[PDB]
Amino acid sequence: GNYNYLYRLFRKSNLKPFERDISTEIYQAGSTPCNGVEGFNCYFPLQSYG
Amino acid sequence: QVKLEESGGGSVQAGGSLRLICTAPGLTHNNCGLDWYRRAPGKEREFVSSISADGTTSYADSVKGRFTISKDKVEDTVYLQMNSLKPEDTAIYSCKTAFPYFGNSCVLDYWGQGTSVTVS
């Protein structure tokens, strides 16, 4: 199963039409800033395909 | 207020065999990922193995070839069978899982205590 293809799955806002966004900031879920640390209250905004 | 468990260790030599039991109560519903970790005395906690929500498995470089992680079809109690034990395996295992809170069903991550094995 190819794993190259990827997609955003965690973004703080919806997309206005014809708007691209390729930022790579860990999505904060809790009330503590991620500061580049994934794990608790922090999720990577992307997810791949199999 | 106990949400996970770790047991199944023992005191067996290098080359011995035994089965581990990470009993997850409702991870099928929770559908969050699972990781096996271990700690060695005097050293910080180190990664051991990972299993995802879809059944993709991954093993550490110091454990690849002999460790076998598997997930139940029902009644989540994930197994980490160890075989061909080596003296480097003396450490304490632990689990980690995520649970619902604020509605979102992973946000609260929670760790079990852990169970130690001494390999001679």
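Only the coordinates and a few stated rules stand behind these numbers; no lab work does. Here Cβ is always computed from backbone atoms with ideal geometry, including for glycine, and neighbour counts include all displayed protein chains.
Output the residue which, of all residues in segment A:25-50 that are within 14 Å of chain B (Cβ to nearest Cβ), touching a residue at least 24 places away in the same chain (Cβ under 8 Å) and part of a loop (DSSP other than H, G, I, E, B), is nearest to residue B:111 (Cα to Cα). Here the residue is A:44.
For (1) under 15 Å from the mean Cα position of the chain (by Cα); (2) away from chain A (no Cβ under 14 Å); (3) not aliphatic (A, V, I, L, M), each residue gets a yes or a no:
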| site | (1), (2), (3) |
| --- | --- |
| B:50 | yes, no, yes |
| B:55 | yes, no, yes |
| B:59 | yes, yes, yes |
| B:68 | yes, yes, yes |
| B:73 | no, yes, yes |
| B:78 | yes, yes, no |
| B:81 | yes, yes, yes |
| B:84 | no, yes, yes |
| B:87 | no, yes, yes |
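Scanning segment B:73-85 for residues that are surrounded by 14 or more Cβ atoms within 10 Å (Cβ to Cβ) and assigned to a loop (DSSP other than H, G, I, E, B) yields B:76, B:85.
Just to be sure before I move on: is residue A:18 under 22 Å from residue B:56 (Cβ atoms) and of a type in the set (A, V, I, L, M, F, W, C) in the structure I sent? Considered against the rule, which asks whether it is under 22 Å from residue B:56 (Cβ atoms) and of a type in the set (A, V, I, L, M, F, W, C), residue A:18 comes out as no. Of the residues contained in segment A:13-24, none is found to be within 13 Å of chain B (Cβ to nearest Cβ), over 9 Å from the mean Cα position of the chain (by Cα) and loosely packed, with under 10 Cβ neighbours inside 10 Å. For residue B:23, the conditions (1) among the hydroxyl-bearing types (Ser, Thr, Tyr); (2) within 14 Å of chain A (Cβ to nearest Cβ); (3) surrounded by 15 or more Cβ atoms within 10 Å (Cβ to Cβ) all hold with the exception of (2).
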